[PDB]
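Quick notes on the structure that follows.
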Ligand SMILES: Nc1ncnc2c1ncn2[C@@H]1O[C@H](COP(=O)(O)OP(=O)(O)O)[C@@H](O)[C@H]1O
Ligand SMILES: Nc1ncnc2c1ncn2[C@@H]1O[C@H](COP(=O)(O)OP(=O)(O)O)[C@@H](O)[C@H]1O
Ligand SMILES: Cc1ncc(C[n+]2csc(CCOP(=O)(O)OP(=O)(O)O)c2C)c(N)n1
Ligand SMILES: Cc1ncc(C[n+]2csc(CCOP(=O)(O)OP(=O)(O)O)c2C)c(N)n1
Ligand SMILES: O=C(O)C(=O)Cc1ccc(O)cc1
Ligand SMILES: O=C(O)C(=O)Cc1ccc(O)cc1
Ligand SMILES: [Mg+2]
Ligand SMILES: [Mg+2]
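Residue numbers (PDB author numbering), protein chains in the order written: chain B, 1 to 343, 371 to 564; chain A, -1 to 343, 371 to 558.
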């Protein structure tokens, strides 16, 4: 039994549990769509921009805990996706990007949108921000290369893949051989028994232990192991900003967010100098995770760092126990050992009204801009994985589009995106996509008529000497939503906002809420933060 | 002991000496010192766009219309990666565009800096290396001047192309000696043909029984329009253009064969593929797919193929040459003229284009996006004015013209600028019309609204027997309401009378305007039928 190479690719994605392929067609890509529509299993989602498709696949992957897939044509289709894939790379999200390539017979002749070394070399452009970027050389190799891509994306530190597919091989016949995922990728690494024993001993004798949980908790699906571990030991848990929702913030052991826009309670605990044993789980300990590598984060007695990526361990802080292992496998081992032992509207008011009306199981997507500060600082995240923020690359527009992918991954749950107006101008056209497929997402646009953080930067770092941040005329997002077939509310009082949010939650359609916001409002942690840029200059 | 300026102010001053007038982009923390220097100097004006891709497109459109360097800027990480498609288009169209990007401070390298853009994070220099002539990080403030001059010389020498300069945020404000140079001091002139090649070409022309010229986009790059015209008139040799080279030759001229290749004209096809052309002169064309009807062997002439190109790597690539001239097209045409003289010897889209032809002033610059608008514009619009037809066909990126048109208007503020674009392309970059509203840049967008991806829809019918639809929107976008949302006046046109009145209204306005034209998605555009094969 034979199938086209591209159908084999689609069938192998089927066995990984892939449900959607986000993208925009093109001539050389049409065999992929022909295969998808023939199989009636994976559903294609047409987006407005391939960057939006990459964002959506990234949002789908993070919420589903599965592989996200997007596709793009030769040349400018693929290059349009790059920012989204770079975000996936920075956030360790498994996203597979399928791109088309011209036929082999046209290499080096000036083919339309030629995407080889002789034209626009997509394989090379994507190499720095993917775990693997490769062109399928022959139809016979489609199988091996697809399994390689799927194994690479989801093994070790997860990350995106770029697979480039020449249009002439795509429909060549190949043996129909699909494998279950267990047969072509391996399991997760665990800690050694001696490392488990040594950590348990450090915990038993510690007089002021603490946990810093990062985004690796989501990557590892380690939420309930982390919660059980903390309750079993009494150890309080802080999270990184991106790590928000790894631990329930209404829990008695929750310190809140440590770092940028974080909570005084976490800062006091971890920088006091009193913590003797600090356990870092799944954080790369970059700038915003550490208040620019504050030396006071160093504990008194031992720093324990657990990471699946051995290159992150001991990078910025010397470690006393450095565990290279999956976070959930490490926490399980620790639990077992310890147990068997026996031993306009102010944005803060906006967030507050959201907290009072949003169901507990709401998945909140937050963009990049002042909404980082307001969401990270002012929103209480009780549900595991329910706070979705892209802080690895912090690309404007990420949350605007990724929330659509998130809703497709969790159709039973409310999905809300908190975004700025300039971010919405970058990728807000995608709400037309939500309208087209009736994907109920609510966008809350903090409409401050320009680039808030930039505006505040001009005031605090540049003496208000110039303005490259304020629009001379704010965008009317309700009219824009109307033009794209999405219901809208304008909110200028918190009462109007609450009525809009309550209408939007009930409606079963996409909806947009245009919130009037003062561009001069100083968001939490921003004041304390400008100095790093000043220090940099 | 001489006066010093910040490294970033040196960069601005050196750009001033190249005649740069605008910098298109979006600010970011690490990029702020560049904006401080620009506003300090009060000469180059910054243009805040909606998306960094829009900034790269506008720089490309500005460069192509001005004949000068276009400049855009983006912050670390995702600001820069958002510009990439526009820079890739400049690379494919041989357009000199300088992209300035920020980098984190060097003290943070390898530590997980915010939007870290090094080998340890998102490696901008590597990402951009394939689609720039030069991609480089300024290592030290002291190197700012040499690296900036190197970028400007690289962008505008040989075959023009884009440049990526990455600037660490700490370097940007370090003092450097105030050393600025005129462009002639750090880049050279253009290459000319040898006397022997000129004489051989003149001889081949004198003896040819059916000569022909195929003029490509290199004519615009070389600013060679008058020399081409005078050469054609002196010799009586008819001129076809490539699709992208459209407007390199006046199409109302008795010697014009029109466009050869994709969406081209039968008169050109008959003339060049008949088999009777004995001497073919190719000037500034890469002879890619659409330029040659997929490398049709019949294009080969009977007696001699003469190819003139500034890039030696293009000569003889797809067709064997008899005279391969590595030189600038303008210097080559001037030498040939001198030698020969001294010798002594909904609405149907065709009705939309027709109505445009009947109303656009003669000096209008027409930007055409990528989609079925390619076929309608290349085939049905008669371009009489040198360089007034702007289509990005090197990469043919959807949305290119939507944003590029704004750059073109800043480059030619006294001429009418009109963009012919599809609805899906406008969904991709149409937010930039807000930039035109903010800066009061009068461009007219003509959106061919057929409710989805027309070319893809036609490919489904003609190549996949209509087995699936991944092209038709369930609901059309309302571009009048969208334009209104962005503060741009708009018209909806369902009859050619509505369209004519709307175009007349847009032209008189002198503010930006959008015309939302109802178009049938089933219409087969010219030359598409002969394609899909
Ligand atoms: N399954 C896993 N188990 C443990 N650590 C992981 C796992 N998956 C990813 N990681 C690690 O988690 C870290 C996440 O870092 P990052 O995305 O910067 O988040 P944060 O902002 O919370 O530091 C990376 O060091 C990565 O190696
Ligand atoms: N000043 C110049 N003189 C001659 N040729 C040039 C000049 N500038 C660029 N070129 C050449 O013109 C060609 C343009 O090719 P391309 O952009 O593919 O347009 P077309 O679609 O008309 O072939 C390239 O071969 C390039 O080397
Ligand atoms: C693609 C991209 N370009 C630029 C930046 C730099 N940047 C960070 S915040 C900001 C302003 C965001 O404005 P808006 O979305 O309106 O948010 P606000 O700060 O006004 O709430 C910019 C440009 C970025 N993060 N991503
Ligand atoms: C960025 C990008 N993505 C995809 C393509 C492939 N492509 C070529 S034409 C086309 C459809 C264009 O639709 P629209 O702008 O509405 O024009 P129409 O064909 O309907 O007139 C697409 C997707 C492209 N050229 N550029
Ligand atoms: O954090 C960043 O890099 C931003 O993009 C926001 C910003 C912009 C300008 C400033 O002067 C300070 C901060
Ligand atoms: O020309 C291209 O490559 C396109 O992207 C438009 C297109 C899309 C699908 C087809 O089946 C044929 C043409
Ligand atoms: Mg804003
Ligand atoms: Mg269309």
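By construction, the Cβ of each residue, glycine as well, lies at the ideal position given by its N, Cα and C atoms.
Tell me whether residue i sits in a helix, a strand or coil according to DSSP, three-state version.
i: residue 288 (chain B); result: coil
i: residue 203 (chain A); result: helix
i: residue 254 (chain A); result: strand
i: residue 293 (chain A); result: coil
i: residue 93 (chain B); result: coil
i: residue 195 (chain A); result: helix
i: residue 129 (chain B); result: helix
i: residue 313 (chain A); result: coil
i: residue 487 (chain B); result: helix
i: residue 431 (chain A); result: helix
i: residue 20 (chain B); result: strand
i: residue 417 (chain B); result: coil
i: residue 213 (chain B); result: strand
i: residue 425 (chain A); result: helix
i: residue 135 (chain B); result: strand
i: residue 106 (chain B); result: helix
i: residue 156 (chain A); result: coil
i: residue 371 (chain B); result: coil
i: residue 536 (chain A); result: coil
i: residue 391 (chain A); result: strand
i: residue 31 (chain A); result: helix
i: residue 181 (chain A); result: helix
Along the chain, where does the beta strand (DSSP E) containing residue i start, and where does it finish?
i: residue 447 (chain B); result: 442 to 447
i: residue 515 (chain A); result: 514 to 518
i: residue 68 (chain B); result: 68 to 72
To the nearest angstrom, how far is the alpha carbon of residue i from that of residue j?
i: residue 311 (chain A); j: residue 391 (chain A); result: 31 Å
i: residue 421 (chain A); j: residue 300 (chain A); result: 33 Å
i: residue 19 (chain A); j: residue 313 (chain A); result: 35 Å
i: residue 110 (chain B); j: residue 287 (chain A); result: 6 Å
i: residue 85 (chain A); j: residue 73 (chain A); result: 15 Å
i: residue 444 (chain B); j: residue 184 (chain A); result: 51 Å
i: residue 136 (chain B); j: residue 221 (chain B); result: 32 Å
i: residue 152 (chain B); j: residue 17 (chain A); result: 49 Å
i: residue 447 (chain A); j: residue 371 (chain A); result: 14 Å
i: residue 410 (chain A); j: residue 15 (chain B); result: 58 Å
i: residue 485 (chain B); j: residue 518 (chain A); result: 44 Å
i: residue 234 (chain A); j: residue 249 (chain A); result: 15 Å
i: residue 107 (chain A); j: residue 114 (chain A); result: 7 Å
Since residue i is in the alpha helix (DSSP H), which residue starts that stretch and which ends it?
i: residue 558 (chain B); result: 558 to 563
i: residue 402 (chain A); result: 398 to 405
i: residue 504 (chain A); result: 504 to 510
i: residue 76 (chain B); result: 76 to 80
If we count Cβ pairs, one from each stretch, closer than 8 Å, do we get three or more for the region 25 to 37 of chain A versus the region 428 to 438 of chain B? Counting Cβ pairs under 8 Å, fewer than three are found: no touch.
Report the residues of the region 210 to 232 of chain A with a CB closer than 9 Å to any CB of chain B, ordered along the chain. Within the region 210 to 232 of chain A, no residue qualifies.
For the region 81 to 103 of chain B, enumerate the residues whose C-beta is nearer than 8 Å to any C-beta of chain A, in chain order. The residues in question are 82, 83, 86, 87, 89, 90.
Are the region 1 to 14 of chain A and the region 541 to 549 of chain B touching by the rule of at least three beta carbon pairs closer than 8 Å? Segments in contact, no.
Can you list, in chain order, the residues of the region 276 to 299 of chain A whose Cβ is nearer than 7 Å to any Cβ on chain B? Of all residues in the region 276 to 299 of chain A, 284, 285, 286, 287, 288, 293 have a Cβ within less than 7 Å of some Cβ in chain B.
Can you list, in chain order, the residues of the region 126 to 156 of chain A whose Cβ is nearer than 9 Å to any Cβ on chain B? Under the 9 Å Cβ criterion, the region 126 to 156 of chain A contributes 126, 127, 128, 129.
Any contact of the region 194 to 212 of chain B with the region 32 to 47 of chain B, i.e. 3+ C-beta pairs under 8 Å? With a cut-off of 8 Å, the region 32 to 47 of chain B and the region 194 to 212 of chain B do not count as touching, because too few Cβ pairs lie within range.
Decide if the region 313 to 322 of chain B is in contact with the region 195 to 208 of chain B; the criterion is three or more beta carbon pairs, one per stretch, under 8 Å apart. The region 313 to 322 of chain B, when compared against the region 195 to 208 of chain B, does touch it at the 8 Å Cβ threshold.
Check whether the region 287 to 298 of chain B touches the region 177 to 194 of chain B, counting contact only when three or more Cβ pairs, one atom from each stretch, lie closer than 8 Å. Too few Cβ pairs lie closer than 8 Å, so no.
For the region 19 to 40 of chain B, list every residue whose C-beta sits within 7 Å of some C-beta in chain A, in sequence order. Taking 7 Å as the Cβ-Cβ cut-off against chain A, the residues of the region 19 to 40 of chain B that qualify are 25, 27, 30, 33, 34, 37.
Using a Cβ distance threshold of 8 Å, determine whether the region 125 to 142 of chain A contacts the region 157 to 176 of chain A, with at least three qualifying pairs required. Yes, the region 125 to 142 of chain A is in contact with the region 157 to 176 of chain A.
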